[PDB]
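Nothing in this text is a laboratory measurement; each read-out follows from the coordinates by a stated rule. Cβ sites come from the backbone with ideal geometry, for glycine too, and all protein chains shown count toward neighbours.
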Amino acid sequence: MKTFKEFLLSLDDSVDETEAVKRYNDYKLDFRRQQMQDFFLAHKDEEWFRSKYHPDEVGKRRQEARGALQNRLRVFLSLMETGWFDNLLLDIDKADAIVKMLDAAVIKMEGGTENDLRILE
Amino acid sequence: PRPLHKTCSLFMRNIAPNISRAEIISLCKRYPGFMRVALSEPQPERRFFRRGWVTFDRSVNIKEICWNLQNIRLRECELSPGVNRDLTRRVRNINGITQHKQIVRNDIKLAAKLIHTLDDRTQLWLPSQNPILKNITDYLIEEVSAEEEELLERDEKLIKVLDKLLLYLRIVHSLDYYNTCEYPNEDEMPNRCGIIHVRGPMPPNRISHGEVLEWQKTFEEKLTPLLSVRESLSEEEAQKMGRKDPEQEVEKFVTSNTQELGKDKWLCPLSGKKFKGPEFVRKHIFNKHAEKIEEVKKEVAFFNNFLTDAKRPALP
């Protein structure tokens, strides 16, 4: 895109201040209209762009997210009632407990039983 | 006993945007002990090129598998993977001022709002019916029999309350509180809960009177980006920029299909069937080819959805 200096310079006949600022602000939008229509057709069928904006794929990622998240909740709710952060404070003094707790969380995220956690002891 | 907490992995720089998950998955699926693939946000400065992490079972070795993919290409570009080593410094430090009476109380106020927003936004659980927001709000109370008497620096109570919110925010929503950042893709990435930021050691000096207010103004100003909704433009500007009407552009599909070969003889190229007038071809497309009329509406909404967003992807 060409800046305000350049567009005014290419109109040396009907040279008004009121008309110049209107036509440049119209040109701005006239150009940015083109860029969006170019960009849409440029990245039309790409999965990242499809997923963010296309109704069918937008619905899928929400369902995929909710299901993966609900499983991450179950882990927190398991760590609560198991009490993996029963005596745990987010402090550098209690750093080794956090790292062990996170590893215990990841195992539950994958879906391992209490027998799987025994290696951390 | 299984070591499921450990998982070794590959890393790939400069993956193309036309490449999807599906076809990276199929490339790595026929290896043994394959788990999952995770791609990052495509950055505009590199022409929207992604960064991938293929994660494996920790038993099966990575260095041979990285070599077996070392000079392989997908779609229209060459991958050249590298071995992604494990995370070094997990439990990181921040300011020691955060272990304070007034500051923890505000951290609990913020953490409540974060969960209130994120729960509603993600569509888990109009007051929030999450148990840790009800059950914790019951606590943080003085309870005394003052009526019966009338007639006759750390605060670990609040910190132990804060930890339950912060650990929920970190574990459930992948939100590192003390760093003030999300890990959005994290659940697919090799390490499911890597970096976590934690309260500092001590505050050496006397805790300054305005410095507690200054910390919160810096801290809350950084948290405000994390709560922000997708910035939709004004319904003028969306229409000006070029919002397509659904019913209008559906009419454009029907008429442009309904071609004329002669006098009272109309064909459409969505079947190969000729009719006696322009009215007969309209009822043919609506009734028999209901799949296409939705397909137009969907791709109109697809283009609209892009225009709706103010903070879009574009070339710098």
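Express in whole angstrom the spacing between the alpha-carbon centres of the stretch B:1-44 and the stretch B:201-259.
Distance between centres, Cα-based: 30 Å.
Under the rule of -39500 (n - 2.57) per DSSP H run of 4 or more residues, summed and divided by the residues of the protein assembly as shown, what mean residue ellipticity at 222 nm is obtained, to the nearest 500 deg cm²/dmol?
The helix-only estimate for the protein assembly as shown comes to -15500 deg cm²/dmol at 222 nm.
Using a ≥ b ≥ c from the Cα gyration tensor of chain B (square roots of the eigenvalues), is it rounded, prolate or oblate, where a/c under 1.5 gives rounded and otherwise the larger of a/b and b/c decides, a/b for prolate?
Since a/c reaches 1.5 but b/c is at least a/b, the shape of chain B is classed as oblate.
Could you give the size of the charge dipole of the stretch B:7-85 about its Cα centre, using +1 on the Cβ of each K and R and -1 on the Cβ of each D and E, expressed in debye and rounded to the nearest 20?
That gives a dipole near 80 debye.
With point charges of +1 on the Cβ of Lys and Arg and -1 on the Cβ of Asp and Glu, referenced to the Cα centre of chain B, which listed residue (B:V161, B:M241, B:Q129) lies farthest in the positive direction of the dipole?
B:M241
List the trypsin sites (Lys or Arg not before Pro) within the stretch B:1-44 that DSSP assigns to loop and that have no more than 13 neighbouring Cβ atoms inside 10 Å.
Those that pass, being in a loop and sparsely packed, are B:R30.
Listing B:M12, A:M36 from the residue with the fewest other Cβ atoms within 10 Å to the one with the most, what is the order?
Lowest count first: A:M36, B:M12.
B:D86 versus A:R74, label points 7 Å from Cα toward the beta carbon: distance in nm?
2.7
Quick one: Cα centre-to-centre distance for the stretch B:105-122 and the stretch B:131-156, in angstrom?
Result: 22 Å between the Cα centres.
Report the Cα-based extents of the stretch B:79-192 along its three principal axes, largest first, to the nearest Å.
82, 36, 16
Can you give me the long-range amide H partners of B:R36? Hydrogens built in the peptide plane at 1.01 Å from N, cutoff under 5 Å, separation of 5 or more residues or another chain.
B:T55
Per residue of the stretch B:215-222, in order, report the coupling 6.51 cos²θ - 1.76 cosθ + 1.60 (Karplus, θ = phi - 60°) as ³J(HN,Hα) in whole Hz, putting x for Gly and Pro.
So the Karplus estimates, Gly and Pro as x, are 4, 5, 5, 5, 5, 6, 5, 6 Hz.
Positive end of the charge dipole of the protein assembly as shown (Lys, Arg +1 and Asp, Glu -1 on Cβ, about the Cα centre): tell me which of B:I24, A:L117, A:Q70 has its Cα farthest that way.
B:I24
Taking 8 Å as the Cα distance limit and 6 or more residues as the minimum spacing, I'd like the relative contact order of the stretch A:47-120 as a percentage.
The value is 22 percent.
What value does the stretch B:7-85 have for Rg/Rh, both radii from Cα atoms and Rh as Kirkwood defines it?
Rounded to two decimals, Rg over Rh is 0.95.
Return the loop-located trypsin sites (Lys or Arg not before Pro) in the stretch B:278-316 (DSSP other than H, G, I, E, B) with at most 16 other Cβ atoms within 10 Å of their own Cβ; answer none if there are none.
Within the stretch B:278-316, the qualifying trypsin sites (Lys or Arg not before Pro) (loop, at most 16 other Cβ atoms within 10 Å) are B:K311.
Please arrange B:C193, B:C181 by how many other C-beta atoms lie within 10 Å of their C-beta, fewest to most.
Ranking B:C193, B:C181 by Cβ neighbours within 10 Å, fewest first, gives B:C181, B:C193.
Once the Cα gyration tensor of the stretch B:1-137 is found, what semi-axes does its equivalent ellipsoid get, as square roots of 5 times the eigenvalues, in whole Å, sorted largest first?
39, 20, 17
For the stretch B:241-316, what value does the Rg/Rh ratio take when both radii are computed over Cα atoms and Rh is the Kirkwood radius, given to two decimals?
Ratio value, two decimals: 1.15.
How high is the FRET efficiency between B:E156 and A:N25 when r is their beta carbon distance and R₀ equals 45 Å, given to the nearest 0.05?
0.15
How about the stretch B:197-240: which GluC sites (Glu not before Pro) there lie in a loop by DSSP and see at most 15 other Cβ atoms within 10 Å?
Answer by residue number: B:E231.
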